[PDB]
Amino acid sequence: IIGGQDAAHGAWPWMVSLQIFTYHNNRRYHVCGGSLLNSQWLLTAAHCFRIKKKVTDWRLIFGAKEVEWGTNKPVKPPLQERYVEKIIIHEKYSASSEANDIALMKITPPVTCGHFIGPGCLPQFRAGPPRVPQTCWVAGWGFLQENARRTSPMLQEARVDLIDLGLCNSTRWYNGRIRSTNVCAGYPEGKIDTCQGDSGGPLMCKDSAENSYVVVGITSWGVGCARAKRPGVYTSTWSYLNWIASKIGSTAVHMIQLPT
């Protein structure tokens, strides 16, 4: 995340740091973000798995504020580290268009919730695409500068405005590459935006208005990071509720949707 601020410990307890584990030396590197749905499942981006497709390629890190690049040590209470049981990539995912950039990871053993770890909410079946105008938030340990050499050790957060898909898809913006299952967010002039390392993480808007946030988007792609008229392109979670329910059960979906 470029141009944002350090998140407070506990600010986004559903954040998960998805880390590549280099098995030759037991080191781990934050690569992508994800959002915790329940003790056994988190939501993230399919494209994060294009190269590391094996459950053994990853460690999953929960309740973190800071993550340590390259560490070979396990985490400390209250953080939790878990293995991946299964990676479920949408059957219609296409890397060339980034269409249906969404996946599920099954966590093992099950995570335990508490002060720094907890599920996010998904949109209601009735919600539809998120509406402009709104000010929403993203979070993640992605690059702090387009050209950074490493992800950010401290979790970042930033407010970003939703951008209407027609504007986002227009001639001098993404000019045809935006799909109806996308959401775009950021600012016409850029300067604030998600970047590499934040993929898979949430785009969250505050219901209306409980005091609870909804993950309405999943960080997917952009051209560069923080460039003018090249905002963050996200996968709309609402577009995949049936798909998610089909992998984890309607009951698990209903449990993380706010009261009718």
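In case it trips you up, residue 1 is the first one in the sequence shown, and so on.
- Averaged over Cα atoms, the B-factor as recorded in the entry is higher for 205-213 than for the other of 205-213 and 36-44.
- Per the PDB record, of the two stretches 72-80 and 122-130, 72-80 carries the greater mean B-factor over its C-alpha atoms.
- Among 158, 102, 95, 162, the highest C-alpha B-factor recorded in the PDB entry belongs to 95.
- Ranked against the other modelled residues of its chain, the C-alpha B-factor of residue 7 as given in the entry falls in the middle third.
- The entry lists a Cα temperature factor for residue 196 that places it in the middle third of the chain's modelled residues.
- Residue 23: CA B factor in the highest third of modelled residues in this chain (values from the PDB entry).
- Ranked against the other modelled residues of its chain, the C-alpha B-factor of residue 169 as given in the entry falls in the lowest third.
- Sort the modelled residues of the chain by CA B factor and residue 51 lands in the highest third.
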